[PDB]
Amino acid sequence: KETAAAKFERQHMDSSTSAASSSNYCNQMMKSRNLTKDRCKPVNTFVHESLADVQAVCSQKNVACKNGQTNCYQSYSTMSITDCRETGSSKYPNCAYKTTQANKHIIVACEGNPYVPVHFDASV
Ligand SMILES: Nc1ncnc2c1ncn2[C@@H]1O[C@H](COP(=O)(O)O)[C@@H](OP(=O)(O)O)[C@H]1O
């Protein structure tokens, strides 16, 4: 199968690139990470920092999750990220996205033991 932690890495981690996401970045990544298999995932964020730095967020600023749960944490430092948003003319299976790089504090939900990220909640 695939653990929730593994799914988070597949859907949100892209340490390789520093911050040079091209205008085609999201179109390629959303497809390569299998986020356009059953349908076009509407919105998704990729984080370019190291796995160690992102996992460390689970021990940082505790903030309320959008769903009301209390297992969300905000990074003290800003992080290099890329937001992907499906375009209006996007039509599955030909999923199309707008790519936008940014440097913001990320908010992730963490679970388990080890306590690691399992959901990307927001960036601020
Ligand atoms: N506080 C929380 N703790 C754990 N999982 C959460 C959560 N808030 C939302 N989720 C869920 O975690 C999954 C991962 O989210 P994301 O893909 O945005 O990282 C989503 O479920 P689904 O994938 O079943 O919709 C989402 O609904």
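Don't overthink the numbers, they just go from 1 along the chain as shown.
Method reported for this entry: X-ray crystallography, 1.5 Å.
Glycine is treated like the rest: Cβ placed from N, Cα and C.
Disulfide annotation in Swiss-Prot: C110 is bonded to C58, selected among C58, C65, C72. When Swiss-Prot is consulted, the disulfide partner of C95, picked from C26, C40, turns out to be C40. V43 (substrate binding site) is 13 Å away from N34 (N-linked glycosylation site) when you measure Cα to Cα. Here the Cβ of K1 (glycation site) has 4 other Cβ atoms within 10 Å, regardless of which shown protein chain they belong to. The number of other Cβ atoms within 10 Å of the Cβ belonging to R85 (substrate binding site), over all protein chains shown, comes to 15. The closest partner of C40 (disulfide bond) among the recorded positions, by CA position, is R85; the full candidate set was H12, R85, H119.
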